[PDB]
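The block underneath contains the structure these notes are about, expressed in structure tokens.
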Amino acid sequence: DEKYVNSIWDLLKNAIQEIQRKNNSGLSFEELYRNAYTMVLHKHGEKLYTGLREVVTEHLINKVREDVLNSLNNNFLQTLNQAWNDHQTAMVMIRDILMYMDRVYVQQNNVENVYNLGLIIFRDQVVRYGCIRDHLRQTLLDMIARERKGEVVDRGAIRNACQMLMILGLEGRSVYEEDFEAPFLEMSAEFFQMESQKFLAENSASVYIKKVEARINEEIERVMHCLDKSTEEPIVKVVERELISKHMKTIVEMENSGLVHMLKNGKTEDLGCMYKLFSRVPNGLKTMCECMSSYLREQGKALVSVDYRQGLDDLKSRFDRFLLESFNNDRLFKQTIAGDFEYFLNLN
Amino acid sequence: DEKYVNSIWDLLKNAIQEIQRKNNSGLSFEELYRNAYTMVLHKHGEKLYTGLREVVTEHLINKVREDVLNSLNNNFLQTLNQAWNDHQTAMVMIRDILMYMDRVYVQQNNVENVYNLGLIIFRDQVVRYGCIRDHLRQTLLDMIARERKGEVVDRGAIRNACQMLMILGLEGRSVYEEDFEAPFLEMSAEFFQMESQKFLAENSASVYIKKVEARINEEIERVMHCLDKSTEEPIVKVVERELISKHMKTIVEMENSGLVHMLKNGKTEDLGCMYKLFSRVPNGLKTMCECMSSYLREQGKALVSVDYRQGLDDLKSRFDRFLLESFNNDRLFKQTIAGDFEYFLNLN
Amino acid sequence: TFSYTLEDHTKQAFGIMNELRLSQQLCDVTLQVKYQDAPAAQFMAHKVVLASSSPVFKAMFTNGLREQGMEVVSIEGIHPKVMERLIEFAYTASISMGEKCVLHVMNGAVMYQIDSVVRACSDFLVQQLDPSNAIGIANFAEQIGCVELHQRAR
Amino acid sequence: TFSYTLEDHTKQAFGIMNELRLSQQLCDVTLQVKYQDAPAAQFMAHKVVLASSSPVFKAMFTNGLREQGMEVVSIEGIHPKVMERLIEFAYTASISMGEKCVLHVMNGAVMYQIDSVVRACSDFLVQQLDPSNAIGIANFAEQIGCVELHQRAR
């Protein structure tokens with residue numbers, strides 16, 4: 001009879017609210033599970049499911065949303081993370097009580113299970129409400145920007161917040177990508193851009209390359225301790241794009257510091273560090289080769305125009321040394337050096 | 001070093017005695033097991049084994065034997081059974097502490113394990129001491145004799161005592177056979193013998209047979225509730241020997257009550273009960289047949305020396321009736337009846 | 001650099017544990033199964049093995065509710081006949097069922113969720129089919145919860 | 001009239017139980033393994049599964065002595081390295097051993113008696129024989145207790 005079904009629901013609604021109140025200690029698991037079992041058994045899973053969504057939504061909007069909104073300007077991440085752990089804790093016990101519905105009904109009606117429904121209501125009503133959405137985005141981005149400038153920030157609050165955005169993606173990163181990754185990569189591209197303008201403006205090519213490796217490493221260690229492992233590749237590409245790709249021809253041709261200069265003074269290591277950095281990006285090694293072809297050809301025509309042969313053997317040996325010790329015997333570099341030698345040795 | 005081995009033994013001797021004192025509550029299992037393990041590990045299992053036999057023997061002779069001897073004339077079985085349960089309880093914990101010796105040393109030196117050694121010392125020093133041996137034999141036999149005479153006895157004390165004699169046989173019945181079964185079967189054969197003299201002296205053959213079935217059943221129910229299942233067959237054979245075998249020709253030829261008389265008055269059931277009883281013993285059915293041959297042949301010659309043919313058909317039909325309804329269409333009986341008919345029908 | 005496995009061991013270990021139960025020794029739980037007609041039953045058993053067996057038990061004693069450390073708590077599902085046959089499975093990997101009670105046994109597996117011992121009835125019943133008794137069969141499958149035979153219902 | 005069995009179940013159940021341990025949840029025992037060199041270790045675990053695994057444990061917590069209901073009691077056998085590898089076996093039927101510690105691991109199996117996991121070392125060591133290192137090997141076999149390789153010692 002339907003009126004006792006209402007009594008079952010009253011027992012479950014009261015119980016759920018006591019769990020949301022963290023007063024699960026003193027609730028008989030068996031009676032709540034058995035009653036929920038009986039409701040679903042008589043095909044009232046639809047009534048039970050609607051009730052669950054209502055009570056959970058009611059709880060997260062009237063209490064949790066307000067608590068989070070009140071901490072916006074005073075320890076925001078601690079309270080939001082606190083609300084997330086309290087939500088997960090309550091939902092586990094709640095998912096246990098409705099286990100029978102979770103195995104028969106949600107399977108039949110292509111609907112999200114109790115735990116995922118709890119994540120969706122939390123994601124949509126809390127994490128992505130709006131004022132909260134914007135404040136969490138500003139905070140996390142503000143922290144990464146302070147740390148990059150030399151400040152010390154709470155990496156754990158970021159790890160807990162990013163992990164939350166990942167889970168709310170429902171075995172996906174949609175929430176994390178839209179809310180965090182996209183703006184993070186945007187503001188990072190701009191930070192690395194102004195950083196490159198300054199570094200290009202003062203430092204030598206060698207120092208610029210060392211600072212690019214240092215920035216790459218700094219962002220990877222940041223991903224390992226704060227962000228999601230899946231963000232490692234996108235951030236490095238942005239670092240690679242803004243500091244290298246967009247200044248490729250500028251770096252190799254840097255006046256009194258570039259590639260040709262390193263070639264002139266036999267700075268073997270500096271050329272190797274340049275190779276290591278430019279091999280990361282497309283057309284990086286192509287630029288290095290075009291620069292090298294111009295220098296090697298210019299050197300060769302001036303050399304061909306006992307001392308002459310030792311000069312040519314030292315130039316060949318010098319560039320073979322450069323190829324093995326610095327260019328990792330690169331297929332592209334071996335073909336270029338050979339092709340250049342085949343041009344000036346054939347000219348006269 | 002040997003002196004610490006003496007300290008290990010002092011710890012074990014004190015512990016064992018506390019277990020024999022039932023003060024096992026407060027003994028650290030790990031330290032006693034580990035120390036015993038270390039003693040055996042350094043190949044002192046021989047020293048440990050001798051000590052165990054000494055302490056257990058010392059305990060059962062100076063305390064247990066005296067306690068049992070003091071209850072000889074006042075509730076003997078209760079105290080003896082009490083000593084047996086206390087022995088088993090102590091020996092379990094004792095066998096656990098010396099588990100390492102039990103798996104390496106006793107295997108190498110073809111000696112009885114801790115638990116069996118405990119049984120042997122108990123069997124030889126208590127159950128089979130002598131005054132105790134004789135008093136337990138008299139008591140159990142005295143109880144069976146009172147119950148057979150109509151008295152009510154404690155069947156459980158007998159079951160516990162007989163089970164003990166079985167276990168002390170060390171997965172054998174030697175102790176139970178020598179100490180109990182043999183004298184039990186002796187005194188039973190004498191009781192059934194005087195019982196047969198009286199029953200033969202008053203009652204009819206039918207009543208004698210019913211009382212034999214009743215005695216057989218009474219002894220089986222006694223075996224099921226007091227004795228060991230393996231004693232069922234020997235006691236029934238003694239009952240079968242004294243009440244049936246030794247009086248076979250007497251019973252069938254009992255004056256005015258025997259087989260021929262039952263044959264004369266067509267007491268079908270009485271003959272069937274006689275068959276059921278005599279088929280248990282060897283030559284039982286042979287005696288029944290010799291008696292029947294004498295009667296059937298005597299009847300047939302007097303019959304052969306419309307009414308004559310109906311008389312012969314009623315005699316043949318009567319004995320075919322006897323064969324199917326009473327003699328279970330026995331191969332021996334069918335051959336005898338046929339052979340007898342083949343004798344008197346061929347005579348003239 | 002090595003690594004071994006002993007397939008005979010989960011079985012053997014599981015025997016030793018049954019024996020530990022049946023001695024009514026080392027148990028951390030006691031169940032007072034109580035249902036309308038039948039008189040209340042007490043089953044001593046190990047919390048940890050019950051959880052191994054059923055998820056409804058894993059969660060019962062779990063981080064969940066007041067069954068956190070009870071030592072003694074009721075169950076009001078079916079006749080304790082089936083909770084016995086069930087525990088027999090939970091400790092032996094085997095269950096002796098009857099041509100009659102298999103309804104109550106299966107509904108048991110269903111309620112505390114033992115989907116193994118439920119699918120073994122799923123295939124138990126296919127054997128002695130009755131076009132006479134098929135009706136009530138399909139009634140079970142739809143009522144039961146899992147429309148797992150309701151389709152296979154010819 | 002029926003009777004079923006599920007061979008996949010002792011294994012599966014045993015997994016669920018490990019997971020129940022590794023959550024340091026539902027445990028009835030805690031072991032403070034403590035040996036000379038190494039610092040004391042605490043291992044939360046289930047009494048009932050330990051008994052399933054080893055007879056020295058079955059008897060430890062048993063009707064025996066003051067380890068009747070302790071919740072916390074020491075062990076002073078070997079480095080808790082091996083009590084870990086061992087418990088790993090007692091909950092998983094599998095044990096990852098090393099080309100070095102297998103002495104300490106085996107002597108472990110020996111002391112609390114895990115004759116399965118001991119015979120697996122009996123056959124572990126036959127593999128990488130050394131006529132150089134054979135000497136100490138036979139020294140173990142006679143010292144160990146079980147002259148089980150001492151004969152097979154070529």
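Chain identifiers are assigned as A, B, and so on, following the order in which chains appear in the structure tokens; residues are numbered from 1 within each chain, and ligands are numbered from 1 in order of appearance.
For chain C, the residues within 6 Å of chain D are residues 1, 2, 3, 4, 5, 6, 10, 11, 13, 16, 17, 52, 53, 93, 94, 95, 96, 97, 98 and 99 of chain C, with only C-alpha atoms used to measure distance.
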Export of prior selection with N, CA and C atoms as a PDB file, in the first residue's frame:
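Below is the file that was written, again.pdb:
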```
ATOM      1  N   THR C   1      63.586 -10.911  -7.291  1.00  0.00           N
ATOM      2  CA  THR C   1      63.486 -11.293  -8.697  1.00  0.00           C
ATOM      3  C   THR C   1      62.482 -12.450  -8.972  1.00  0.00           C
ATOM      4  N   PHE C   2      62.121 -13.252  -7.952  1.00  0.00           N
ATOM      5  CA  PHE C   2      61.112 -14.309  -8.073  1.00  0.00           C
ATOM      6  C   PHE C   2      59.699 -13.765  -7.801  1.00  0.00           C
ATOM      7  N   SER C   3      58.700 -14.658  -7.919  1.00  0.00           N
ATOM      8  CA  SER C   3      57.315 -14.423  -7.494  1.00  0.00           C
ATOM      9  C   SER C   3      56.465 -15.668  -7.763  1.00  0.00           C
ATOM     10  N   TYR C   4      55.865 -16.236  -6.709  1.00  0.00           N
ATOM     11  CA  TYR C   4      55.164 -17.519  -6.708  1.00  0.00           C
ATOM     12  C   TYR C   4      53.678 -17.322  -6.399  1.00  0.00           C
ATOM     13  N   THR C   5      52.888 -18.360  -6.680  1.00  0.00           N
ATOM     14  CA  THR C   5      51.458 -18.384  -6.383  1.00  0.00           C
ATOM     15  C   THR C   5      51.063 -19.829  -6.078  1.00  0.00           C
ATOM     16  N   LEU C   6      50.010 -20.012  -5.277  1.00  0.00           N
ATOM     17  CA  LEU C   6      49.566 -21.354  -4.885  1.00  0.00           C
ATOM     18  C   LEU C   6      48.048 -21.432  -5.014  1.00  0.00           C
ATOM     19  N   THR C  10      43.673 -20.461  -1.676  1.00  0.00           N
ATOM     20  CA  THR C  10      42.422 -19.808  -1.326  1.00  0.00           C
ATOM     21  C   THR C  10      41.410 -20.844  -0.866  1.00  0.00           C
ATOM     22  N   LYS C  11      41.381 -21.996  -1.538  1.00  0.00           N
ATOM     23  CA  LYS C  11      40.487 -23.076  -1.140  1.00  0.00           C
ATOM     24  C   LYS C  11      40.839 -23.588   0.244  1.00  0.00           C
ATOM     25  N   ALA C  13      42.894 -22.435   2.781  1.00  0.00           N
ATOM     26  CA  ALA C  13      42.634 -21.360   3.728  1.00  0.00           C
ATOM     27  C   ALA C  13      41.146 -21.217   4.012  1.00  0.00           C
ATOM     28  N   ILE C  16      40.010 -24.005   6.391  1.00  0.00           N
ATOM     29  CA  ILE C  16      40.460 -23.709   7.754  1.00  0.00           C
ATOM     30  C   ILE C  16      39.561 -22.675   8.408  1.00  0.00           C
ATOM     31  N   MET C  17      39.093 -21.715   7.617  1.00  0.00           N
ATOM     32  CA  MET C  17      38.283 -20.658   8.200  1.00  0.00           C
ATOM     33  C   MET C  17      36.892 -21.151   8.532  1.00  0.00           C
ATOM     34  N   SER C  52      33.830 -10.320   2.510  1.00  0.00           N
ATOM     35  CA  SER C  52      34.393 -11.001   1.345  1.00  0.00           C
ATOM     36  C   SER C  52      33.295 -11.533   0.438  1.00  0.00           C
ATOM     37  N   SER C  53      32.272 -12.149   1.034  1.00  0.00           N
ATOM     38  CA  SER C  53      31.210 -12.801   0.273  1.00  0.00           C
ATOM     39  C   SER C  53      30.235 -11.809  -0.379  1.00  0.00           C
ATOM     40  N   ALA C  93      32.155 -21.818  -0.821  1.00  0.00           N
ATOM     41  CA  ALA C  93      32.022 -21.671  -2.268  1.00  0.00           C
ATOM     42  C   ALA C  93      30.993 -22.617  -2.853  1.00  0.00           C
ATOM     43  N   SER C  94      30.160 -23.231  -2.006  1.00  0.00           N
ATOM     44  CA  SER C  94      29.207 -24.248  -2.425  1.00  0.00           C
ATOM     45  C   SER C  94      27.929 -24.121  -1.617  1.00  0.00           C
ATOM     46  N   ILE C  95      26.816 -24.469  -2.251  1.00  0.00           N
ATOM     47  CA  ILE C  95      25.504 -24.276  -1.654  1.00  0.00           C
ATOM     48  C   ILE C  95      24.606 -25.437  -2.062  1.00  0.00           C
ATOM     49  N   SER C  96      24.107 -26.193  -1.078  1.00  0.00           N
ATOM     50  CA  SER C  96      23.143 -27.264  -1.329  1.00  0.00           C
ATOM     51  C   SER C  96      21.735 -26.668  -1.241  1.00  0.00           C
ATOM     52  N   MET C  97      21.035 -26.629  -2.377  1.00  0.00           N
ATOM     53  CA  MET C  97      19.684 -26.090  -2.503  1.00  0.00           C
ATOM     54  C   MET C  97      18.677 -27.223  -2.705  1.00  0.00           C
ATOM     55  N   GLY C  98      17.394 -26.883  -2.610  1.00  0.00           N
ATOM     56  CA  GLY C  98      16.339 -27.872  -2.716  1.00  0.00           C
ATOM     57  C   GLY C  98      15.345 -27.548  -3.813  1.00  0.00           C
ATOM     58  N   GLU C  99      14.743 -28.608  -4.358  1.00  0.00           N
ATOM     59  CA  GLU C  99      13.716 -28.454  -5.385  1.00  0.00           C
ATOM     60  C   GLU C  99      12.563 -27.555  -4.939  1.00  0.00           C
TER      61      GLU C  99
END
```
Practice task
Provide as a ChimeraX atom specification the residues of chain A at most 7 Å from chain C, counting only C-alpha atoms.
Solution key: /A:24-30,41,93,96,104
Problem - For residue 78 (chain A): contacts at 9 Å, only C-alpha atoms, fewer than 5 positions along chain excluded, given as a PyMOL selection string - result: chain A and resi 71+83+157
Prev. selection, N, CA, C and O atoms, output as an mmCIF file, in the first residue's frame:
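File produced: part.cif:
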```cif
data_model
loop_
_atom_site.group_PDB
_atom_site.id
_atom_site.type_symbol
_atom_site.label_atom_id
_atom_site.label_comp_id
_atom_site.auth_asym_id
_atom_site.auth_seq_id
_atom_site.Cartn_x
_atom_site.Cartn_y
_atom_site.Cartn_z
ATOM 1 N N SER A 71 32.662 32.197 2.267
ATOM 2 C CA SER A 71 34.097 32.105 2.490
ATOM 3 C C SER A 71 34.896 32.683 1.324
ATOM 4 O O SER A 71 36.131 32.583 1.318
ATOM 5 N N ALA A 83 33.654 21.302 2.102
ATOM 6 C CA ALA A 83 32.342 20.922 1.585
ATOM 7 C C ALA A 83 32.421 19.729 0.638
ATOM 8 O O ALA A 83 31.510 18.891 0.607
ATOM 9 N N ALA A 157 46.295 22.932 -1.623
ATOM 10 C CA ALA A 157 44.945 23.424 -1.879
ATOM 11 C C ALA A 157 44.650 23.359 -3.359
ATOM 12 O O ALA A 157 43.545 22.967 -3.765
#
```
Practice task
Go through chain C and collect every residue that DSSP, computed from the backbone, puts in helix (DSSP H, G or I); the answer should be as an MDAnalysis selection string.
Solution key: chainID C and resid 8:22 47:53 55:60 80:92 102:112 115:122 134:144 148:152
Exercise for the section: Identify, on the basis of only C-alpha atoms, every residue whose closest approach to residue 19 (chain A) does not exceed 10 Å; exclude the query and any residue fewer than 2 positions from it along the same chain; express the result as a PyMOL selection string. Expected result: (chain A and resi 13-17+21-25+27+86+89-94) or (chain C and resi 64-65)
Using C-alpha atoms, can you export the residues from the last selection as a PDB file, in the first residue's frame?
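What landed in part.pdb:
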```
ATOM      1  CA  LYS A  13      14.499  11.288   4.014  1.00  0.00           C
ATOM      2  CA  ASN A  14      15.078  11.748   7.731  1.00  0.00           C
ATOM      3  CA  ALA A  15      18.007   9.328   7.625  1.00  0.00           C
ATOM      4  CA  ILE A  16      19.630  11.022   4.625  1.00  0.00           C
ATOM      5  CA  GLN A  17      19.340  14.399   6.262  1.00  0.00           C
ATOM      6  CA  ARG A  21      24.263  16.338   9.132  1.00  0.00           C
ATOM      7  CA  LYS A  22      27.026  13.786   9.683  1.00  0.00           C
ATOM      8  CA  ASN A  23      24.868  12.059  12.286  1.00  0.00           C
ATOM      9  CA  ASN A  24      25.184   8.627  10.683  1.00  0.00           C
ATOM     10  CA  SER A  25      26.370   7.181  14.009  1.00  0.00           C
ATOM     11  CA  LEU A  27      21.364   4.903  12.119  1.00  0.00           C
ATOM     12  CA  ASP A  86      31.722  16.251   3.467  1.00  0.00           C
ATOM     13  CA  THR A  89      31.537  11.178   2.874  1.00  0.00           C
ATOM     14  CA  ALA A  90      27.739  11.580   3.043  1.00  0.00           C
ATOM     15  CA  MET A  91      27.166  10.250  -0.480  1.00  0.00           C
ATOM     16  CA  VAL A  92      29.066   7.001   0.249  1.00  0.00           C
ATOM     17  CA  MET A  93      26.685   6.049   3.032  1.00  0.00           C
ATOM     18  CA  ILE A  94      23.760   7.275   0.904  1.00  0.00           C
TER      19      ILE A  94
ATOM     20  CA  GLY C  64      28.516   3.054   7.333  1.00  0.00           C
ATOM     21  CA  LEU C  65      26.051   3.180  10.132  1.00  0.00           C
TER      22      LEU C  65
END
```
Practice task
Could you please determine the separation between CA of residue 5 (chain B) and CA of residue 95 (chain B) in Å, to one decimal place?
Solution key: 19.5 Å
Exercise for the section: Skip residue 268 (chain B) itself and residues of its chain fewer than 2 positions away, then list as a PyMOL selection string all residues within 7 Å of it, counting only C-alpha atoms. Expected result: chain B and resi 266+270-272+322+326
Exercise for the section: Can you pull out every residue within 12 Å of residue 149 (chain C), counting only C-alpha atoms, but drop anything in the same chain fewer than 6 positions away, and send it as a list in words? Expected result: residues 118, 119, 121, 122, 123, 124, 125, 126, 134, 137, 138, 139, 140, 141, 142 and 143 of chain C
Completion exercise
Counting only C-alpha atoms, closest pick from B:8, B:152, B:205, B:132 relative to residue 247 (chain B) is B:205
